[PDB]
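**Q**
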Amino acid sequence: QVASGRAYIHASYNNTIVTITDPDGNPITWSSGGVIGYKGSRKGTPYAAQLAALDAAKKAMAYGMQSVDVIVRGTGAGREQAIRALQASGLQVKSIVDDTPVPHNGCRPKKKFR
Amino acid sequence: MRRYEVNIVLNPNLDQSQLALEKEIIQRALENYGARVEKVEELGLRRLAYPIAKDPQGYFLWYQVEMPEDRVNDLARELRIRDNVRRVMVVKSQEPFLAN
Amino acid sequence: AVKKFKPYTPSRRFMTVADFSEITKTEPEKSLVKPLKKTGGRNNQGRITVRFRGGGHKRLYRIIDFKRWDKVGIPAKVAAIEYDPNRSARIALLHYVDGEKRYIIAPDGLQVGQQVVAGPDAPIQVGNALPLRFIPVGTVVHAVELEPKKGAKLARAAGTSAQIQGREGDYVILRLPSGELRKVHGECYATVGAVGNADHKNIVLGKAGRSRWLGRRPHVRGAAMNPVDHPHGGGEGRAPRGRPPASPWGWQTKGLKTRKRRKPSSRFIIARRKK
Amino acid sequence: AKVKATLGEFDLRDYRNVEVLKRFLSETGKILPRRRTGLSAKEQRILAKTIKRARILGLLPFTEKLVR
Amino acid sequence: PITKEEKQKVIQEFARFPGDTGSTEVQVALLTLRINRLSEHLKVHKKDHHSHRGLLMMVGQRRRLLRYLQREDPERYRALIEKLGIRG
Amino acid sequence: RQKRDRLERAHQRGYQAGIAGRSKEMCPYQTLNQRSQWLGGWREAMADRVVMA
RNA sequence: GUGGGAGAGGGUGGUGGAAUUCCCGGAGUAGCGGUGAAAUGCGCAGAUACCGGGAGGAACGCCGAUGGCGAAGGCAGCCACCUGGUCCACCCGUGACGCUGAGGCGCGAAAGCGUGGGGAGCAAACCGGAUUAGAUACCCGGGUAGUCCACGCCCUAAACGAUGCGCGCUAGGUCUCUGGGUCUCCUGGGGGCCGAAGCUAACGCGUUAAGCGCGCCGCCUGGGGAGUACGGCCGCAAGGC
Ligand SMILES: [Mg+2]
Ligand SMILES: [Mg+2]
Ligand SMILES: [Mg+2]
Ligand SMILES: [Mg+2]
Ligand SMILES: [Mg+2]
Ligand SMILES: [Mg+2]
Ligand SMILES: [Mg+2]
Ligand SMILES: [Mg+2]
Ligand SMILES: [Mg+2]
Ligand SMILES: [Mg+2]
Ligand SMILES: [Mg+2]
Ligand SMILES: [Mg+2]
Ligand SMILES: [Mg+2]
Ligand SMILES: [Mg+2]
Ligand SMILES: [Mg+2]
Ligand SMILES: [Mg+2]
Ligand SMILES: [Mg+2]
Ligand SMILES: [Mg+2]
Ligand SMILES: [Mg+2]
Ligand SMILES: [Mg+2]
Ligand SMILES: [Mg+2]
Ligand SMILES: [Mg+2]
Ligand SMILES: [Mg+2]
Ligand SMILES: [Mg+2]
Ligand SMILES: [Mg+2]
Ligand SMILES: [Mg+2]
Ligand SMILES: [Mg+2]
Ligand SMILES: [Mg+2]
Ligand SMILES: [Mg+2]
Ligand SMILES: [Mg+2]
Ligand SMILES: [Mg+2]
Ligand SMILES: [Mg+2]
Ligand SMILES: [Mg+2]
Ligand SMILES: [Mg+2]
Ligand SMILES: [Mg+2]
Ligand SMILES: [Mg+2]
Ligand SMILES: [Mg+2]
Ligand SMILES: [Mg+2]
Ligand SMILES: [Mg+2]
Ligand SMILES: [Mg+2]
Ligand SMILES: [Mg+2]
Ligand SMILES: [Mg+2]
Ligand SMILES: [Mg+2]
Ligand SMILES: [Mg+2]
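Protein chains in written order, with PDB author numbering: chain AK, 13 to 126; chain AF, 1 to 100; chain BD, 2 to 276; chain AR, 20 to 87; chain AO, 2 to 89; chain AV, 3 to 55.
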């Protein structure tokens, strides 16, 4: 089992997903706006990102996970109430990072993003 | 005949034997293209920003040389040719420019 | 370069021949030829076992060295480049310093008077042969052995070449000319460079005659036959296949995978070709 | 914090001092604007021209993840 | 590129009097040299058009000079293109 | 030329949007000639937070 | 001529990282994706999310900007090699060698075409889902040419500053690039801004003229028909002139 660890926050315009991992990076439990009650545009919200982030913690704790680093990838409207509720979920929250991938001008994006 | 300065990055994990042999092959090759060495700054290991060759550690040489303009590019090929050789960057010598 | 023609006759209009540029010397090494018995696709039974075959121009077989590790460490000079009627490629005449002369399939870029050699100690340059294990990953190479000391099989044809994608254990991983990804024993000799005459493919034969010179007799469609003869035979006045298209032997000829299921040779085949 | 002041007389042609150079990037590794560098026009060119060379050498990072 | 010695080499050869720098014959031979180098540059890289532009400007200039030289002094004109292997 | 005053607006829009603590850096107009101003306007004001402070 | 500069100017070879997709392995589980909202789509045959490894193509973030370079089209990771243009300073040389330019020749964005490569992302056509009275669209999930390289064609454009080129003469103010100097300034060449005089139908222009003059070229002569038809020339075609 594991106690020290880390948690990945996937923050997008349509949803927010979190995965709690072990320090080696292989996940332990995951959750997302979908996972609790919510379909469609509702998952895209801050309030939803909250329960997801919590259900992620509350299921981390059932394994004994205590200490976790938050690594953040996305730009969500659920991004804020996610990191927030993690600190407030009863987790050691030992650090906070933002890893969001960005290209150095890579492949041309879809018409939507032009 | 112009002044360039080669920068070679080699394998961190090499033998004294291995390292010496590459350092030989290098010194060798330079002679063959008509490179005359005007200096060496060799810094040994000196670790990195990112993992060249999946390896945080890296081994740096460097040489300020004088060789015929025409022959330089081939040299850099002949340098990279080695399994251990990792970067090779040659740069023409340009008199320093300072700020405040 | 593909020499073209003015159309002073109907066939001459589209016909094209090679440039024979890289060719230096025009009669073969007398010691190195040997006659090629022409079969006409008949086997020892007398029977045609391969159709539409025969009547080509007479040829002498030029003996080629597909081993090369035969002579390790002894350098050789390139004496000439010659036309070989038995293969798409061109052959290089080597004068070894030993005094012994051999032929090899000429890689692209060989010039006469170049020095080539074979073995582990060998510089990595066009025309030299090393076991694969000493060949830098990402280099393109040809005339590759498949199993060690068994002779070069892969990548001999004009323009072909195969590339080294990485090593794994006692094997290196090659991408064959087809696009197949095959594990191949490290101990196997390959020779650096691509096969020459990459222009071969651009040749337009141009008339029926030319095919006949190359020993290729007219091919007849199953459609143009009768039911005794062929699956597609018969039907009154010019018909569509009328069942899944098949070979004269009755096996399906579009898509039906034919390589043997259980072949021990897999487990070395990483990925099939291609696109 | 204009970094050309906070530092001293130095040559930015030489690409090898990761010391002198690394002050010139934001935490993330992004080359710093002219506002922050306190560099002139002509200078800023000779700067990043050499910075990149070093990033290629492996001495400077291309990027870093943002910490809170 | 052409190096100062190479230039001077030619320059001193075509100079009318010992100290000559300008002087149509010299100017010509200067262009001529940079031309023929460019030609060979082009024979190799055929895909370089911008540089080609220059060649035409150079060739153009050489022409003007040559003409002017011709309508002042023939002879000294006919002396140069033969000495320079020019005007085919 | 009477469209000066679109530039003038949009530069100013940016020059004030720049001086914030914090500003956006991401928030222009979708026309071109107007966006030069707002982003290069957000420039001075983001540079003037450096100078002085 | 001598001596110096700046720059994404062009051509060839090489090389670096970020990211997308696909593939192998691990770890893990009930949804993921997507919109205004949805659906198609993907997912217990184990996806999305996360970790490690590999393949591959394309484009080069921060620097970076109203900035720079080019005659125009246009040009951007970094390295070298080959190469054009252009600026400064010295007042050394030549002695009007000049400007322009019908035809000609070369270049000429994208799309398109031929041959052979290449194909990750994107994406005409195309197939679905929606919205709709319908929706041959806008939005969504797919997807082929094409987009990339070589070579050869094509020769068009809001190819625009809708301003042909060269020289001279006519307030300044301002900030910016890059040279030079007895360095606050002074001064040469680019780039913008407000503006004397003057111009203009007005808008506006204005030492980067649309001012005031000279040289030369190109074009205009009501709208539609029409950049059509006929002829000619060019192109593989499209189609151009
Ligand atoms: Mg999403
Ligand atoms: Mg011949
Ligand atoms: Mg005999
Ligand atoms: Mg028999
Ligand atoms: Mg018998
Ligand atoms: Mg063909
Ligand atoms: Mg056949
Ligand atoms: Mg037939
Ligand atoms: Mg019949
Ligand atoms: Mg039958
Ligand atoms: Mg029969
Ligand atoms: Mg029967
Ligand atoms: Mg039938
Ligand atoms: Mg019928
Ligand atoms: Mg029939
Ligand atoms: Mg069968
Ligand atoms: Mg340059
Ligand atoms: Mg390249
Ligand atoms: Mg990668
Ligand atoms: Mg997997
Ligand atoms: Mg991965
Ligand atoms: Mg433009
Ligand atoms: Mg230059
Ligand atoms: Mg004088
Ligand atoms: Mg074109
Ligand atoms: Mg195109
Ligand atoms: Mg094509
Ligand atoms: Mg539809
Ligand atoms: Mg679509
Ligand atoms: Mg798509
Ligand atoms: Mg078509
Ligand atoms: Mg315009
Ligand atoms: Mg202009
Ligand atoms: Mg017009
Ligand atoms: Mg004109
Ligand atoms: Mg006029
Ligand atoms: Mg100065
Ligand atoms: Mg000026
Ligand atoms: Mg300009
Ligand atoms: Mg004005
Ligand atoms: Mg007017
Ligand atoms: Mg008219
Ligand atoms: Mg038209
Ligand atoms: Mg007609």
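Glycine included, every Cβ here is placed at the ideal spot set by N, Cα and C.
Between the stretch 43-55 of chain AR and chain AV, which residues of the former have a C-beta closer than 9 Å to a C-beta of the latter?
**A** Cβ contacts with chain AV: 52, 53, 54, 55.
**Q** Does any heavy atom of ligand 16 sit closer than 8 Å to the C-beta of residue 50/BD?
**A** Here residue 50/BD refers to the residue found at position 49 of the third sequence. Flag unset: Cβ of residue 50/BD not near ligand 16.
**Q** Residue ranges of each beta strand (DSSP E) run of no fewer than 3 residues wholly in the stretch 17-103 of chain BD, ordered along the chain?
**A** Counting whole runs of 3 or more residues, the stretch 17-103 of chain BD contains the beta strand (DSSP E) stretches 34-36, 61-63, 77-84, 91-97.
**Q** Verify the CB distance criterion: does residue 85/AR have a CB-CB separation below 9 Å to chain AF?
**A** The residue labelled residue 85/AR in the question sits at position 66 within the fourth sequence. Not closer than 9 Å to any Cβ of chain AF, the Cβ of residue 85/AR fails to qualify, so no.
**Q** So residue 33/AK packs on residue 17/AK, CB below 8 Å; how close in whole Å?
**A** To locate residue 33/AK, count along the first sequence from 1; it is residue 21. To locate residue 17/AK, count along the first sequence from 1; it is residue 5. The pair is a contact, with the Cβ atoms about 6 Å apart (cut-off 8 Å).
**Q** If I follow the unbroken beta strand (DSSP E) through residue 64/AF, where does it start and stop?
**A** Walking along the second sequence from the start, residue 64/AF turns up at place 64. Per DSSP, residue 64/AF belongs to the beta strand (DSSP E) from 63-67.
**Q** Taking C-beta to C-beta, are residue 190/BD and residue 148/BD nearer than 9 Å?
**A** As a first step, residue 190/BD must be located in the third sequence, where it is residue number 189. As a first step, residue 148/BD must be located in the third sequence, where it is residue number 147. No; because the gap between Cβ atoms is not below 9 Å, this pair is not in contact.
**Q** Going by the CB atoms, is the gap between residue 216/BD and residue 13/BD shorter than 9 Å?
**A** For the purposes of this step, residue 13/BD is taken as the residue at position 12 of the third sequence. For the purposes of this step, residue 216/BD is taken as the residue at position 215 of the third sequence. No, the pair does not count as a contact, with Cβ atoms beyond the cut-off.
**Q** For residue 18/AO, which residues in the same chain have their Cβ closer than 8 Å to its Cβ, ignoring the five residues on either side in sequence?
**A** Walking along the fifth sequence from the start, residue 18/AO turns up at place 17. No residues qualify anywhere along the chain.
**Q** Between 143/BD, 122/BD, 252/BD, which has its C-alpha nearest residue 73/BD's C-alpha?
**A** Translated into the one-based positions of the third sequence, residue 73/BD becomes position 72. Minimum Cα distance to residue 73/BD is reached at 122/BD.
**Q** When the Cα of residue 90/AK is compared with those of 123/AK, 124/AK, 63/AK, 83/AK, which residue comes out closest?
**A** Position 78 of the first sequence, counted from the start, is the residue given in the question as residue 90/AK. Closest option to residue 90/AK, Cα to Cα, is 63/AK.
**Q** Going by C-alpha to C-alpha distance, which of 167/BD, 196/BD, 169/BD sits closest to residue 178/BD?
**A** Reading the third sequence from its first residue, position 177 is the one you call residue 178/BD. With distances taken between Cα atoms, residue 178/BD lies closest to 196/BD.
**Q** Pull up the distance between the alpha-carbon of residue 23/AR and that of residue 55/AR, whole angstroms please.
**A** Reading the fourth sequence from its first residue, position 4 is the one you call residue 23/AR. Reading the fourth sequence from its first residue, position 36 is the one you call residue 55/AR. Taking the straight line from one Cα to the other gives about 9 Å.
**Q** Hey, is residue 81/AR's beta-carbon within less than 9 Å of any beta-carbon in chain AK?
**A** Counted from its first residue, the fourth sequence places residue 81/AR at position 62. At least one chain AK Cβ lies under 9 Å of residue 81/AR.
**Q** Taking only the alpha-carbon atoms, compute the straight-line gap between residue 174/BD and residue 141/BD and give it to the nearest angstrom.
**A** Position 173 of the third sequence holds residue 174/BD. Position 140 of the third sequence holds residue 141/BD. Distance between the alpha carbons of residue 174/BD and residue 141/BD is about 12 Å.
**Q** Tell me whether the stretch 33-48 of chain AR and the stretch 63-78 of chain AR touch, counting them as touching only if at least three CB pairs, one residue from each stretch, are closer than 8 Å.
**A** The answer is yes - the stretch 63-78 of chain AR touches the stretch 33-48 of chain AR, with three or more Cβ pairs under 8 Å.
**Q** For ligand 6, is there a heavy atom less than 8 Å away from the beta-carbon of residue 205/BD?
**A** Taking the first residue of the third sequence as 1, we reach residue 205/BD at position 204. Result yes, Cβ under 8 Å from ligand 6.
**Q** From which residue to which residue does the beta strand (DSSP E) around residue 167/BD run?
**A** On the third sequence, position 166 is the one that residue 167/BD refers to. Unbroken beta strand (DSSP E) run through residue 167/BD: 163-169.
**Q** Quick check: does the Cβ of residue 1/BD come within less than 8 Å of any heavy atom belonging to ligand 30?
**A** As displayed, chain BD neither begins before 2 nor continues past 276, which places residue 1/BD out of reach and without an answer.
**Q** Please tell me whether, using a cut-off of 8 Å, the distance from the CB of residue 84/AF to the nearest non-hydrogen atom of ligand 4 is below it.
**A** Numbered from its first residue, the second sequence carries residue 84/AF at position 84. Result no, Cβ not under 8 Å from ligand 4.
**Q** Taking 9 Å as the CB-CB limit, is residue 45/AV close to chain AR?
**A** For this step, residue 45/AV is matched to residue 43 along the sixth sequence. Yes, its Cβ sits closer than 9 Å to a Cβ of chain AR.
**Q** Got a sec? Which residues, its chain only, sit under 6 Å from residue 78/AK by beta carbon, not counting five neighbours each side?
**A** The count along the first sequence starts at 1 and reaches residue 78/AK at position 66. Result list for residue 78/AK: 15, 104, in chain order.
**Q** With hydrogens ignored, establish whether the beta-carbon of residue 208/BD is closer than 8 Å to any heavy atom of ligand 6.
**A** The count along the third sequence starts at 1 and reaches residue 208/BD at position 207. Incorrect: residue 208/BD has no Cβ contact closer than 8 Å to ligand 6.
**Q** Is any non-hydrogen atom of ligand 1 found closer than 8 Å to the C-beta of residue 53/AK, if you look at the structure I gave you?
**A** The sequence position of residue 53/AK within the first sequence is 41, counting from 1. Incorrect: residue 53/AK has no Cβ contact closer than 8 Å to ligand 1.
**Q** According to the neighbour-count rule (16 or more other Cβ atoms, all chains shown, within 10 Å of its Cβ), is residue 3/AO buried or exposed?
**A** For the purposes of this step, residue 3/AO is taken as the residue at position 2 of the fifth sequence. Burial call: exposed.
**Q** Helix or strand or just coil, what does DSSP make of residue 1/AF?
**A** For this step, residue 1/AF is matched to residue 1 along the second sequence. Of the three classes helix, strand and coil, the one that applies to residue 1/AF here is coil, per DSSP.
**Q** With which residues is residue 19/AK paired in a DSSP beta bridge?
**A** As a working note, residue 19/AK is residue 7 in the first sequence. According to DSSP, residue 19/AK bridges with 32/AK, 82/AK.
**Q** Would residue 111/AK pass as a contact of residue 84/AK if the rule is Cβ separation under 9 Å?
**A** Counting from 1 along the first sequence, the entry for residue 111/AK is found at position 99. Counting from 1 along the first sequence, the entry for residue 84/AK is found at position 72. Cβ distance < 9 Å, so residue 111/AK and residue 84/AK count as in contact.
**Q** So what's residue 20/AF in DSSP terms, helix, strand or just coil?
**A** Locating residue 20/AF in the second sequence gives position 20, counting from the first residue. Reduced to three states, the DSSP call for residue 20/AF is helix.
**Q** I think residue 90/AF touches residue 76/AF, with their Cβ atoms under 8 Å apart; what is that distance to the nearest whole Å?
**A** Walking along the second sequence from the start, residue 90/AF turns up at place 90. Walking along the second sequence from the start, residue 76/AF turns up at place 76. Right, their Cβ atoms sit about 5 Å apart.
**Q** On the DSSP bridge list, what partners appear for residue 237/BD?
**A** Mapped onto the third sequence, residue 237/BD falls at position 236. Answer is none; residue 237/BD lacks a bridge partner.
**Q** Report yes if the CB atom of residue 77/BD is closer than 9 Å to the CB atom of residue 98/BD, and no otherwise.
**A** Counted from its first residue, the third sequence places residue 77/BD at position 76. Counted from its first residue, the third sequence places residue 98/BD at position 97. Taking 9 Å as the Cβ cut-off, residue 77/BD and residue 98/BD qualify as a contacting pair.
**Q** Whose C-beta lies closer than 6 Å to the C-beta of residue 68/AK among residues of the same chain, with five residues either side of it excluded?
**A** Translated into the one-based positions of the first sequence, residue 68/AK becomes position 56. Contacts found: 30, 32, 43.
**Q** Check this for me: beta carbons of residue 133/BD and residue 187/BD, under 9 Å apart or not?
**A** One-based indexing of the third sequence puts residue 133/BD at position 132. One-based indexing of the third sequence puts residue 187/BD at position 186. Cβ atoms of residue 133/BD and residue 187/BD: closer than 9 Å.
**Q** With DSSP collapsed to three states, give me the class of residue 43/AK.
**A** Along the first sequence, one-based indexing puts residue 43/AK at 31. Residue state, collapsed to three classes: strand.
**Q** Could you tell me if the beta carbon of residue 240/BD falls within a distance shorter than 8 Å of some heavy atom in ligand 8?
**A** Locating residue 240/BD in the third sequence gives position 239, counting from the first residue. Residue 240/BD Cβ: outside cutoff for every heavy atom of ligand 8.
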